[PDB]
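In the form deposited without the named molecule, a lone chain appears below as structure tokens.
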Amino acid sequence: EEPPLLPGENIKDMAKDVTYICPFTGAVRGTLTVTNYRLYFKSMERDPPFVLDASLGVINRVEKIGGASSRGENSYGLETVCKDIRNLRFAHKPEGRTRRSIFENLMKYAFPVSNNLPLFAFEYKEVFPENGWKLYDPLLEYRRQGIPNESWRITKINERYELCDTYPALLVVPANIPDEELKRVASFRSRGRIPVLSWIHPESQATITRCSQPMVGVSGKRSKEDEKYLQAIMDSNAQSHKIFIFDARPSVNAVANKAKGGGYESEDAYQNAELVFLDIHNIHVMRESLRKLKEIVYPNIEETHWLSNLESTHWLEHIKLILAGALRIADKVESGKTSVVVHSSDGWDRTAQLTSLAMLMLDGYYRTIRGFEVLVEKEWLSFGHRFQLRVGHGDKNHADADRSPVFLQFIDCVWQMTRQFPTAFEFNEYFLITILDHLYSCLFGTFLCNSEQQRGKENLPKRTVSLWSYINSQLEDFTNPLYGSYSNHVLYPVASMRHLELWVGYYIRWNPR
């Protein structure tokens, strides 16, 4: 049958008598349709009609299966490798002459950018009541935190992204630090990502600042400005008992960076700071782990060695190290009334996972649907997480080594806390899954581009629809009924291989059980 079309979506090609080789219920012949948004397969040869509907943005690669030298049944066809923790395989009849046409169209519309075409987000013409782009207001988010105040001021030094182009326009720094100062520190911190305020404790004033690695290099080069800057962060605390710096990386990776120009804050250089390594691996290790998870989870799980196989992917270990890291950060702020500086190498992957998770543990606001959206727009989008690069939107280079499931791990971690505290969050699992589905779909412009500056030049608010516009207009679907009965507004999940579950709802949701 015909695939329901969204305003702006059009059919680009369709093939009759194509067979979908379901790993769960056997071959099924029907009609394959390709639009500028989805891949839609439907067969009336079953009751109810078998339907397969996936957004094209989830396709990684398209492979031709079989050739002129193939006889087996359903041996000639196509297979789409998906970001969805699944693969879709279809069989075509050579005499039907549809494969090539579908292959080319799948290649064309699933990878529009590689073909001088626009991401569907720019074609989507739907209109919603609520406007997701007006949801997050920096100046106001800060006002809610009580910023600025006597210890922290707002600067405009980067209002034109001149200080750091992968940072937001407004930045909160120590009240006693001048702009010419920031410029000096911006020179010592990789990519100019200087330490800037992310969150402040409502009562004690302990702060969570974020940044990238210090350009220390093989020779212990220092920065009077950077050192003074961190000192200023400490002098901003009443319970002024030193300051903690959480370096996301394993000790050996931090040293290896020092060898290439980066590094970490030494004991000698920063006398009033204690640095802790959190052992969270790089994007390459994370991509490799997810790959292994997919192999054992789809299509058929080998039950005899599920646990040992899961252990070998290390996926849950990474989820654990990330949560445990966020925990260490929240605890030091809450209980230790101590300020913490968070960084890694570029301060836009692991650093974003840590700040946002600790903030979810510390600020109940972020646990509300609107609060979470603000969290994502704040710590992830505005701060420079390279979504476009990490997901590879509309780009056919499936082997790109910059692609890594960083935001997915984050969302996975948020889900874990949701399992351990069923009444603490106003949103539900469906809300997180939806966020992950649209992270790949490219229906909304929310997760496009690699920095705030970029999203400004592309004028996304005026050319694309915000995912939040869709969500906030049907909150019923994304509202958790248990929310509202949680007094203690500080969460402390347990980061253990015994308390963390593999998110079956996302990684294994395709089996018709």
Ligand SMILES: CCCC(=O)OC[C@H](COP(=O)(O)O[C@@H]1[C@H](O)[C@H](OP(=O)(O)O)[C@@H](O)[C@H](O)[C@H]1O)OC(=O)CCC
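For clarity, a rigid core is taken as the largest C-alpha set superposing within 1.5 Å between two forms. In case it trips you up, residue 1 is the first one in the sequence shown, and so on.
Peer 1: Between 388-396 and 235-243, pick out the one whose C-alpha positions differ more from the shown form in 4 other deposited structures of this protein, using the rigid core for superposition.
Peer 2: Relative to the shown form, the greater RMS C-alpha distance in 4 other deposited structures of this protein belongs to 235-243.
Peer 1: When the core is superposed, where do the C-alphas shift more in 4 other deposited structures of this protein: in 478-486 or in 447-455?
Peer 2: So, of the two stretches, the farther one in 4 other deposited structures of this protein is 478-486.
Peer 1: So 293-301 or 129-137, which one's hotter by mean CA B-factor in the entry?
Peer 2: The entry gives the higher C-alpha B-factor average to 129-137.
Peer 1: On mean C-alpha B-factor from the PDB entry, just flag whether 498-506 or 485-493 is the higher one.
Peer 2: Stretch with the higher mean C-alpha B-factor: 485-493.
Peer 1: Just the C-alpha B-factor column, please: which of 40, 478, 447, 37 has the biggest number?
Peer 2: Highest C-alpha B-factor among the listed options: 478.
Peer 1: Highest Cα B-factor in the PDB entry belongs to which of 73, 377, 346, 311?
Peer 2: The C-alpha B-factor peaks, among 73, 377, 346, 311, at 73.
Peer 1: Residue 408: which third of its chain by C-alpha temperature factor?
Peer 2: Lowest third - that is where residue 408 ends up once the chain's C-alpha B-factors are sorted.
Peer 1: Which third of the chain holds residue 364 when residues are ordered by C-alpha B factor: lowest, middle or highest?
Peer 2: It falls in the bottom third of the chain.
Peer 1: Within this chain's modelled residues, let me know which third the CA B factor of residue 113 belongs to: lowest, middle or highest.
Peer 2: It belongs to the middle third of the chain when residues are ordered by C-alpha B-factor.
Peer 1: Which third, lowest, middle or highest, does the CA B-factor of residue 231 fall in along this chain?
Peer 2: For residue 231, the deposited C-alpha B-factor lands in the highest third.
Peer 1: Per the entry's values, where does residue 395 land by CA temperature factor relative to the rest of its chain, in the lowest, middle or highest third?
Peer 2: It falls in the bottom third of the chain.
This next part talks about the form deposited with the named molecule bound, which is not shown.
Peer 1: Taking the named molecule in the entry with it bound and overlaying it onto this form via the surrounding C-alphas, would you call the pocket open or blocked, using 3+ ligand atoms within 2.4 Å of backbone or C-beta atoms as the cut?
Peer 2: Check passed, pocket reads open.
Peer 1: Exactly one stretch in 139-147, 249-257, 436-444, 158-166 has heavy atoms within 4.5 Å of the named molecule in the entry with it bound; which is it?
Peer 2: That would be stretch 249-257.
Peer 1: Which residue among 115, 101, 266, 282 has a heavy atom within 4.5 angstroms of the named molecule in the entry with it bound?
Peer 2: None of the others qualify; the residue that does is 282.
Peer 1: Find the only residue in 325, 195, 174, 347 having a heavy atom within 4.5 Å of the named molecule in the entry with it bound.
Peer 2: Exactly one residue meets the criterion: 347.
Peer 1: Is there any non-hydrogen atom of residue 390 lying within 4.5 Å of the named molecule in the entry with it bound?
Peer 2: Close contact exists here: in the entry with it bound, residue 390 approaches the named molecule to within 4.5 Å, heavy atoms only.
Peer 1: I'd like to know if residue 213 sits close to the named molecule in the entry with it bound, meaning any non-hydrogen atom pair within 4.5 angstroms.
Peer 2: Contact with the named molecule, yes.
Peer 1: Can you tell me whether residue 294 touches the named molecule? I mean in the entry with it bound, with a 4.5 angstroms heavy atom cut-off.
Peer 2: It does not: once the named molecule is placed as it appears in the entry with it bound, residue 294 has no heavy atom within 4.5 Å of it.
Peer 1: Taking the shortest heavy atom distance, is residue 396 within 4.5 Å of the named molecule in the entry with it bound?
Peer 2: Residue 396 lies outside the contact set for the named molecule.
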